[PDB]
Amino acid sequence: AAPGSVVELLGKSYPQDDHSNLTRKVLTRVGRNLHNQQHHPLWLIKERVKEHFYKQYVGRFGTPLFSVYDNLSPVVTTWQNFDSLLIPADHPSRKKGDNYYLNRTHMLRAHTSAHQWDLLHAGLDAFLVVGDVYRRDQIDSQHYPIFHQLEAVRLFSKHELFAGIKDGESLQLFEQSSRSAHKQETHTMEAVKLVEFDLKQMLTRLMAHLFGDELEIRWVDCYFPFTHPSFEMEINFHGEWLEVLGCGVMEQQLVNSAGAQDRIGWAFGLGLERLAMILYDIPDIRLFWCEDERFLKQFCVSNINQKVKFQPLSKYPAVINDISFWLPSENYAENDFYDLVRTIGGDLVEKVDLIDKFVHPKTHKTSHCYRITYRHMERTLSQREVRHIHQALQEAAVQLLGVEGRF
């Protein structure tokens, strides 16, 4: 089960090192490209978004052709994923505990924004990126190691932005003042208000297209290193406000660095599983990855506009088991255990909760106790088979994570 190094992926070879933390299970998902699978719910959202840009977005010059990139390799450099987007070298979004690193220099993209700089650099004014993205996180019905994002970028020239106004040729895109909560230092408020208006009006119309003139949305001010001002859009769903996308006015240093210093732009990044789970009332993110026809056939529509009225699957009983152990001497991350659960338990596991931790005074070691909910999306799980999965996770935690079984 070692080496250890190398890792081979899509023909290329990645020497392992101190950053390397890809699990075999996660790599078996690379290439699957659910966003490209005809009649998959993620493919369906992608197509409806594409049609909206092609038919229903208007510009004064008028409206850009959005070139669509849904087949980019997820293997990116840390420069693509982080530095091109002005993300600081000490930013927590870079933590080994949160990202799948092939090694020091390469990784599975954590967001589709990892392609913004390159596509700008190629001179494109308007583009969509659709792709599988990869993040190390907890286990519950809303988190999965792979999910899918749709990115959009839209640049404006000065005369395009101000095209509707009389003395517009004296209005400008850029100035030299201060950054506020409302604008970057090199942007005029004249420009920012028009870009922000275009961004939100375009997203509101896309949501009305996807959902119907019924839904309740709200804009929440937030922060990203690569846009300013920035927002999340939240949809109220089952009584709770849920974020589905981040967006904002692109940081001018990013746009200038790619070679488009005569442009101002907006960008957004939407979570396809998050929206699909809301649009269709899909209760667990693991359903996107199952091949059960009770789920999948419901999204075979005659055309991408035939409304699908998702009928929820039966829920099957769960088996609950706890697992406690002594942490190794200062070398452990919660997300390592979560990776190992994914590896051994796979899609049998509905969630894992760290329920207890304490330090033992005589020994100085830390104990963790995790509660593991076993529940299959397609069938009832036998006590017998869960017992065997659980015992294997216990032994595996001892061999690989260096834990000491406390149970």
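In case it trips you up, residue 1 is the first one in the sequence shown, and so on.
Just going by the entry, 52-60 versus 37-45 on mean CA temperature factor gives the higher value to 52-60. Annotation for 195-203 versus 313-321: the higher mean temperature factor (C-alpha) is found in 313-321. Of the candidates 166, 135, 263, 179, the deposited coordinates give 166 the top C-alpha B factor. Across 85, 277, 76, 215, the greatest Cα temperature factor reported in the deposited entry is at 215. In the deposited entry, the Cα temperature factor of residue 69 places it in the lowest third of its chain's modelled residues.
Residue 23: CA B factor in the middle third of modelled residues in this chain (values from the PDB entry). In this PDB entry, residue 328 carries a Cα temperature factor that places it within the highest third of its chain's modelled residues.
For residue 162, the recorded CA temperature factor ranks within the highest third of the chain's modelled residues. Sort the chain's modelled residues by C-alpha temperature factor and residue 173 lands in the middle third, per the entry.
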